[PDB]
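Asker: I need the structure of the sequence given here:
(chains A, B, C, D and E)
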Amino acid sequence: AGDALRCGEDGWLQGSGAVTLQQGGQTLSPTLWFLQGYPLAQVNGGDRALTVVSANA
Amino acid sequence: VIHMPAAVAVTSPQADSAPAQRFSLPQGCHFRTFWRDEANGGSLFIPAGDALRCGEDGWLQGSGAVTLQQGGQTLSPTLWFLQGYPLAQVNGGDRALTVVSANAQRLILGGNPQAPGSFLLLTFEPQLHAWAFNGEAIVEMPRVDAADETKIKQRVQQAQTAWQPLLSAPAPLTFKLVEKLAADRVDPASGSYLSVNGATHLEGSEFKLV
Amino acid sequence: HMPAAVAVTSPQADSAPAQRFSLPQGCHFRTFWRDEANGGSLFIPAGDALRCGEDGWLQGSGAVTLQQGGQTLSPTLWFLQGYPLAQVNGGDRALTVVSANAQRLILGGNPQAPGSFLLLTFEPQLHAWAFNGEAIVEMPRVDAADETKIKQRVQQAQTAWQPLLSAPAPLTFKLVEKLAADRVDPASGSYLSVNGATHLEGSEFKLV
Amino acid sequence: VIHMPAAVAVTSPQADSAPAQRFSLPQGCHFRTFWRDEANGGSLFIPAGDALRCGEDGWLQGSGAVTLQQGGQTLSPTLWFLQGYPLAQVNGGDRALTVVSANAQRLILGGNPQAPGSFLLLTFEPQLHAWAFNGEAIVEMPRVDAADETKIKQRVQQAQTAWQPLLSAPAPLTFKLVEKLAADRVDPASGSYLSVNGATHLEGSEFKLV
Amino acid sequence: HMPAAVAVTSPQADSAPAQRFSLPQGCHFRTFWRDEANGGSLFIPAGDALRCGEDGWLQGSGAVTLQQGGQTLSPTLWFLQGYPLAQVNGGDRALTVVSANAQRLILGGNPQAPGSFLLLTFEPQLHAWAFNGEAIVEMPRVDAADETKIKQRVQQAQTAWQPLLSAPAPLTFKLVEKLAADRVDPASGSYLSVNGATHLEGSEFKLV
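Answerer: Numbering: from 1, shown residues only, chains lettered A, B, ... in the order given. This is the structure:
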C-alpha cells in the first residue's frame, strides 16, 4: 500500500513501486513500473506515451 | 485395607532458566516467546485488528489468529496471550490465571480458582513459537488422600469441571497426581504417583468399505 | 430418472464341482481344496452340533479346525446343503445356495426379502465361503428411478438379513436388474450401490 | 480500438458418467459421494446430533463436523450437504443452490440468484470423500462483452459479492470467463478466454529472525 | 526482577589490522582481503560521490564493483573513516567506528541514542561490513528490571537509528550491561533480546 502504486482511470494499476515476491523462502523486491497494466523491470518511462507492441508469456 | 499409591522420586533435571526473547509491536507492547534461530527462515505475523491489542500491562493482550510461515509452509493457530506469552488450545478469557513457570520446554498454567492445586501443562511448539495445550494436567494431592478412591474421583472431577470450559475441544484431559508440583524441573509431574485418563464420548454412524 | 444400464463384463465362473468329503456316519460335505501341497488338515469335531442329517449332508454350526504351515484356524462354520459357510447362520429360516464354485457362493431363498442375495467369497485358508458384508438386490432400473422404492427394497433386505449375520462389517447392497449367477462376479452389471452404517455409542480413550 | 479476447476451443474430454454410491443412515435418508475402494482401510463417521439430520427430500441435510479416519490419520472437515452431496469449504445456508453437475472428478455449484451465470467449481478430495471449494469460480460471459473492461469488472465483482458470504474465509476467489459452461467435460472451464484473480488484504506486523 | 547475569564466553577478536588500499588522489580506504586466490577485483568508480576527503580517507556513498569467479556484485557502500559499510548510511550525523576487524564492525556515536551500537558482519564477497538488523543496547541489568525502562531505551535506539538504515530486515536489540568490544561477538553477555517488527499493508495474490 502507498502512493508509489495506485489505480488510474484507465482501469490499470499505475506507478513504479517495490513489489514483493516470495516462493519457498526466497524473497525478491524489484521495483516494477506498470505500463498499460503490465509490470516491467529495469525500465521506467514514467508518463511517456510508450507502446506495448506485443506481450506474451 | 488401605492401599496407598507408592512414592515416586522426583528425578527429572533442573529446567533451563534462559529468558524468553521479546517482540515489540507498533503500539509499544511486548509479547514473549522462544525462537532458537536455526536458519529456519520463519516469519511470525500478528494481524492488525480487534482480536489482539496492546494492554496497560506492557503486554500484547487478547486472542486471535496468528500466521506462521516457514519453508513454504503456513500455519494459522489461534493464540491467546497471558502475561505476554502466546498459548494455543486454551483460552482463559474472563478468568485470571497465573503462569507458574515458562521456558523453552514447557509452560505451567495455574491460578484456576474453581480447582486450586491443579495446573495445566503446555508444551513449547517451535513450529508455532508458542506453548500448546495437549490435554496434560496436574493435580497436587497428598498420596495419603489418594488412598481413598472417592477423594481421587472428587479432586479429578473438580479439576475437569474447572478447566473444561477454557479448552477448545472437550478433550481427553489426562491428569497426573503428584505430591508437589516440580516447577523447577523439566517434567513438573516428575514423581507423579498416578494417572487418570478421561474419555471422549462417541455416538453416530460409521461407514466403511472393503 | 433411470440409472444407466451397465454391461455384464465379468467372465464365466469356473465350473469345477466342489469335492466331497465323506464322514464316517454317512454324510458328505462339499467344498473346494486346490491341491497346493499345503498339507493342510480339515478336522470336523464329533459329537457336537455338526451332525449327519437324513438328507445326506453334514448339518449344523460348529468349530472346524484347519492347520496349515504351523498355524491353526478354527472358524465357526454353518453347513447349508453340505457347504461350509462362515459369518452367516440361517438356521431358523430355510435359505438356498443359488450358486457355488471355487470363487464365490450366492445365498438366496430368504422369504422375508426375495430378490436379494448374500455374496460370500471362497476363503482357501478356511476351505469355506465367508460373508463379508456384500449383498445383491434384484430390482429393475425403472423401479430404481423412484428414491422411495430404493429405500423400501434396501430396508427390506436389511431387516430380512441382519438377524442371520455376524460379519464384523455392515451390510452394503449392489443393485442389479438380474443376478449374474453364472459369472465370477454376480453383481457384474450393478447400476447402483447402497452402503449401510454400523452404529457406534460408547467411550473412547486415546493416549497422546 | 475494441480488443476482444481470442476464442479458445473446448478441448477437455467428456466427464465420467459413473453414479455416486449411496450411504444410508439410521433414520432412512441417504447422502451420496464417491469412494473408489483402494484397500484404503478408511472410515467415515457421521456424528449424531443437531448439525446433521435427515430431511424430507430423502437426503441427509445440514452442515456439521464429520470424522474421516484412514491409516492412523484422522481428518475432521465441516461438511455441508446439498441434494445429498457433501461439500467442504462452502456453506450455502439460507440460499437455494443447484448442483449443475457432479462426478468423481468435480462438482459444479450453480443457482446463486444474486449472480446468475456464475458457478462455483469444487474438486473431489478422496481423503474426505467430498467435493471441496478451493477458490475456483466460473463466469459465463460472451467474449464480445468482455471487450469492455468495465463489463468484466462488473460481472466479476457481481460474482464476488454474491458468492463471498457462502464461503468460509474471504478467499482469493479466482474467476475464469467462458462463453458456455462445459458441464459435460472434465474441465467445465475448458475454453475459458480470461482469468481474473482476487487479492486477500494484509495488515499488521511481521517478525523474522536471521 | 533482575535478569540473570551472563558470562562473556566469546573469544578475543582477531587483531590483524585492515589492509590499506591507496587511491590515486591521495586517500586510502581500509578493509580486509583474505588472500584466497579468488583473484577478485575491487573497482572504485571515479567522479562520483566516492571522493578523497581532506582527512586522508575515501569518503561518500556509491557503487563499488566486485568481480570474482565470473560473478559480479555492485553493492552501494558508504565509507566511514575509510571503512566500506553496506546497508547503512549515516551522512547527516557523525558516527564512530568503535571496533573493526576481519570478522565484525561496531557502529557507535549516534548522539540521538548513546549506549547503543549497530553490529555489522564482515562479508568477504563484498570486502565490506554489512548491517543485517543487529543492534546492541548498553544498559545495566538493574535498569532492565523495569519494563518501562526497557521500552524507553529500545524505542530511543529505534528512532535514533532507523533513518540511517536500509537493511531488508527490522531492527532487533541485544541488551548488554557492557559492549564486549574486544570479542568476536560484542553482545556475548547479552541478558535479553528485543525483536522489532516490519509493518505490512497491501494486497496479496497467491495462485493455487
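Asker: residue of chain A nearest chain D, please.
Answerer: As assessed by C-beta to the nearest C-beta, chain D sits closest to residue A:11 within chain A, at 4.7 Å. C-beta here means a position set from N, CA and C on the backbone, and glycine is covered the same way.
Asker: and that residue, how many residues sit next to it?
Answerer: For residue A:11, the neighbour count with other C-beta atoms under 10 Å in any protein chain shown is 12.
Asker: one more: residue A:22?
Answerer: Other residues close to residue A:22 by other C-beta under 10 Å number 14.
Asker: try residue A:32
Answerer: Quick note: residue A:32 (other C-beta under 10 Å) scores 22 neighbours.
Asker: go on, the one 4 residues further on?
Answerer: Applying other C-beta under 10 Å, we find 13 residues neighbouring residue A:36.
Asker: just checking, it touches residue A:12?
Answerer: Yes - here residue A:36 reaches residue A:12: they are 6.0 Å apart, a contact under C-beta atoms under 8 Å.
Asker: one step back: quick one, phi/psi of the nearest residue to the residue of chain A closest to chain D once chain neighbours are set aside?
Answerer: Computed as C-beta to C-beta, 6 or more residues apart in numbering or on different chains, the closest residue to residue A:11 that is not its neighbour in sequence is residue D:149, at 4.7 Å. Backbone torsions of residue D:149, given as degrees, to the nearest 10, read phi -50, psi -30.
Asker: quick check: the residue of chain A nearest chain E.
Answerer: Residue nearest to chain E within chain A (C-beta to the nearest C-beta): residue A:1, separated by 4.4 Å.
Asker: which residues does that residue contact?
Answerer: For residue A:1, the contact set (C-beta atoms under 8 Å, 6 or more residues apart in numbering or on different chains) comprises E:201, E:202, E:203.
Asker: dig out what the second one forms beta bridges with.
Answerer: Looking back up the chat, that one is residue E:202. residue D:202 (DSSP bridges).
Asker: how near is it to chain C?
Answerer: 40 Å (C-beta to the nearest C-beta, to the nearest Å).
Asker: same thing with the first one?
Answerer: Relative to chain C, residue E:201 is positioned 40 Å away (criterion: C-beta to the nearest C-beta).
Asker: where's residue A:16 relative to chain B, distance?
Answerer: In terms of C-beta to the nearest C-beta, residue A:16 sits 27 Å off from chain B.
Asker: how many residues are close by that residue?
Answerer: When neighbours are counted by other C-beta under 10 Å, residue A:16 registers 17.
Asker: how about the one 10 residues further on?
Answerer: For residue A:26, the neighbour count with other C-beta under 10 Å is 9.
Asker: thinking residue A:8 is in contact with residue A:14, fair?
Answerer: Yes - the criterion here is C-beta under 8 Å, and residue A:8 meets it with residue A:14 at 4.4 Å.
Asker: these two: which has the busier surroundings?
Answerer: residue A:14 (17 against 11).
Asker: OK, contacts around that one?
Answerer: A:5, A:6, A:7, A:8, A:34.
Asker: and those residues, which is closest to chain B?
Answerer: residue A:5 (20.2 Å).
Asker: ok, now which ones touch the closest one?
Answerer: Neighbours of residue A:5 in contact, by C-beta under 8 Å, 6+ apart: A:13, A:14, A:15, A:16, A:17, A:34.
Asker: now do the contacts for the third one.
Answerer: For residue A:15, the residues meeting the contact criterion (C-beta under 8 Å, 6+ apart) are A:3, A:4, A:5, A:6, A:33, A:34.
Asker: compare those residues and tell me which is most surrounded.
Answerer: Going by other C-beta under 10 Å, residue A:33 tops these with 20 neighbours.
Asker: surely that residue meets residue A:42?
Answerer: No - counting by C-beta under 8 Å, residue A:42 is not a contact partner of residue A:33; they are 9.1 Å apart.
Asker: residues contacting residue A:18?
Answerer: Counted by C-beta under 8 Å, 6+ apart, residue A:18 has contacts A:4, A:29, A:30, A:31, A:32.
Asker: run a quick neighbour tally on the fourth one.
Answerer: Residue A:31 sits with 13 neighbouring residues when counted by other C-beta under 10 Å.
Asker: which residues touch it?
Answerer: Contacts of residue A:31 (C-beta under 8 Å, 6+ apart): A:16, A:17, A:18, A:19, A:41, A:44.
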